[PDB]
Each structure stands twice: as C-alpha cells, then as structure tokens.
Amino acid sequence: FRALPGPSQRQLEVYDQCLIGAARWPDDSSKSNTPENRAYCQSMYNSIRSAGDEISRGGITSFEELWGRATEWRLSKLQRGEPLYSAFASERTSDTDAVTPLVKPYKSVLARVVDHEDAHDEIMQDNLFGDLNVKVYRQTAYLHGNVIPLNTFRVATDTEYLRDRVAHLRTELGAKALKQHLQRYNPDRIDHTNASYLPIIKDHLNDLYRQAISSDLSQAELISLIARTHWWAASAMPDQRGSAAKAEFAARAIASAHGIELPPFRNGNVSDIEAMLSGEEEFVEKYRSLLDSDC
C-alpha cells in the first residue's frame, strides 16, 4: 500500500462544511439552516477528514472498518439515553424485512416514483385496502453475472379511495391495529434490500474500497469508484438506522484520502434516495451533477 495525499489543505468554506451530510429535501430545506443541523454537518465534515487521514496512511484496511468509523461517528451525535441507539449501532439481520413509509419527510419521493421513466404499473393486493393500482420502481443490481433486487418503491394512485377506505378501517380495528398495518404496509412505501444479500454486498464493498485506495487511479476513475461505493452502500442500506449518513461519510472519507474535497450535495438532492432511485451506472454518470460544484 502506497501512502495517499490525505485531506486537502484547501478546505470547503464553513457554509459548505455545514451542509455535509444534510438531507436537503426539495420541499423542506429549513432543517439544513438550523444551528443543530449545521453543527451536525460540520462535525461530519471534520470526522470524515480525520478518517481520510487514516485511510491515507494505511490505518483503515477494509470497507467494514471504514463503516465502523462512520457508525462510531453517527452514534456519538445521538443524545445520551437515545432509545434508537441499538438500531443505529446494528446491522440488519437476515430474519428481518425493512420498510420506510413514504410520509414526511419523504413526500418529495412520491412524485419521483410516479414520474420515473422506469416505473411500472402494478396491482398491489393488500389484505385491508384490497387491490390498489401502484406505480412501482424496482431497483436492481447486477453482480457477478446475477441480478440482485434492491429497493422497491410503491406509490398508490387511487387517493380518493384510500382516504375513504382508511377512515373506514380505523374504527373497526382501532387506531392500534391500523397503525400496525401502516408501519409495514403503508400504501406508499419503500421495501428495502433483503438483508440476506448483505454478505455478498459487503464483500463487494470491500473489493471496491481496496480498488479505491490505490495510488494509480485518475481523478475521473476515482470519482466513479467513489460514486459506485456510495451507490452500493446506500442502496444496500446495511444497518437498521443511519445507513444513508454512514454511506455518505464513507464515500467522502475515501475522496478525502486522495485530497479531494467534495462539496455538499445540491439543494433538493438527498443522496441515498437518488441512489435508491437509480441503477448503478446511471448513478455513477450523474454523481458529479448531484454535487454542488458551482462557484
């Protein structure tokens, strides 16, 4: 292993440091301007560079180790006694499914699914609402010659029926039983990559990382490898909570090890969602455009 240049001595302006790691939703970038979010982001920026220092010296030898450093950072930002600590600390296990309902703060994703060039029209058969027309984005990967289904987005299009039907269901089963159904089976939701695929994806991420810490790549090849690493890590969503932050941390740390000071993602571009809504090569090709490289 050959030492890399390490983090750039020319740093992002403080305004930009305070957007590293931000979720700049197009319908609500107010959170990115709060003092607590600016401090979280600047902390991520500094910790990324500290990890890049170590990568550049050969002190972080695997992607798993880099992800652990990102996880340690993310856990350190939780409040003392946070009940979500275990979830932010833990990989998803193969006995479980993972679901994010497309409710706030994810409402901007609804139109991205409905309007997606690669969306499909499907019929979702739900035990409470019955048959629902859905727009579906089926994210997939191809590794070692085989397809791997990743994240699946669904948005239900018969909204008048849904409002009337959900009102109905609530009284019979109790807000309790309807809420149980909606946490897992909300008509608009992301069903995430099966955790059974994490061993193979983790191995691939380790291979990408070893490639990406080589001293012989061009800047173009490095940025593509960083984009690919980000895509696989965010789309795999390895942990129960915090995967998006950890994936961005890792991608930026790898860049910083090479002296690249990547700017914040643009307003309106939430990187993990952009990854989950794209195929791999599509994402690699658009990655630079997602970053706010304007002067």
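Residue positions are given as counts along the sequence shown, with the first one as 1. Take the two forms, superpose them, and find the largest set of C-alpha atoms that agree within 1.5 Å; that set is the rigid core.
Discussion item. Quick check: by Cα RMS after rigid core superposition, does 196-204 or 166-174 differ more from this form in 5 other deposited structures of this protein?
Written reply: Clearly, after the core fit, the stretch farther away in 5 other deposited structures of this protein is 166-174.
Worksheet item: Is the larger C-alpha RMS shift in 5 other deposited structures of this protein, relative to this form with the rigid core superposed, found in 116-124 or in 94-102?
Response: Once the core is superposed, the stretch further away in 5 other deposited structures of this protein is 94-102.
Worksheet entry | Gap at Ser30 across at least one third of the other PDB entries | Looking at the other entries that model residues on either side of it, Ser30 is missing from at least a third.
Fill in: Mean temperature factor over C-alpha atoms, higher-scoring stretch between 199-207 and 157-165
Here the higher of the two C-alpha B-factor means belongs to 157-165.
Practice prompt. State which stretch shows the higher mean Cα B factor in the entry: 112-120 or 190-198.
Written response: Comparing 112-120 with 190-198, the higher mean C-alpha B-factor belongs to 112-120.
Discussion item. Highest Cα temperature factor in the entry, among the options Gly81, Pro149, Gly145, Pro101: which one is it?
Written reply: The listed residue with the largest C-alpha B-factor is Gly81.
Worksheet entry | Maximum C-alpha temperature factor, selected from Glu221, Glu91, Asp95, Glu72 | Spelled out: the listed residue with the top C-alpha B-factor is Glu221.
Worksheet entry | Among modelled residues of the same chain, the CA temperature factor third for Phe129 | As the PDB entry reports it, the C-alpha B-factor of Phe129 lands in the highest third of its chain.
Discussion item. For the chain shown, is the CA B-factor of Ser29 in the lowest, middle or highest third of its modelled residues?
Written reply: For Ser29, whose C-alpha B-factor we compare with every modelled residue in the chain, the answer is the highest third.
Discussion item. How does the C-alpha B factor of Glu36 compare with the rest of the chain: lowest, middle or highest third?
Written reply: Top third by C-alpha B-factor.
Practice prompt. Would you mind ranking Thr140 by its C-alpha B-factor against the rest of the chain and naming the third, lowest, middle or highest?
Written response: According to the entry, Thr140 has a C-alpha B-factor in the chain's lowest third.
Worksheet item: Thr61's Cα B-factor: lowest, middle or highest third of the chain?
Response: CA B-factor rank for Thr61: highest third.
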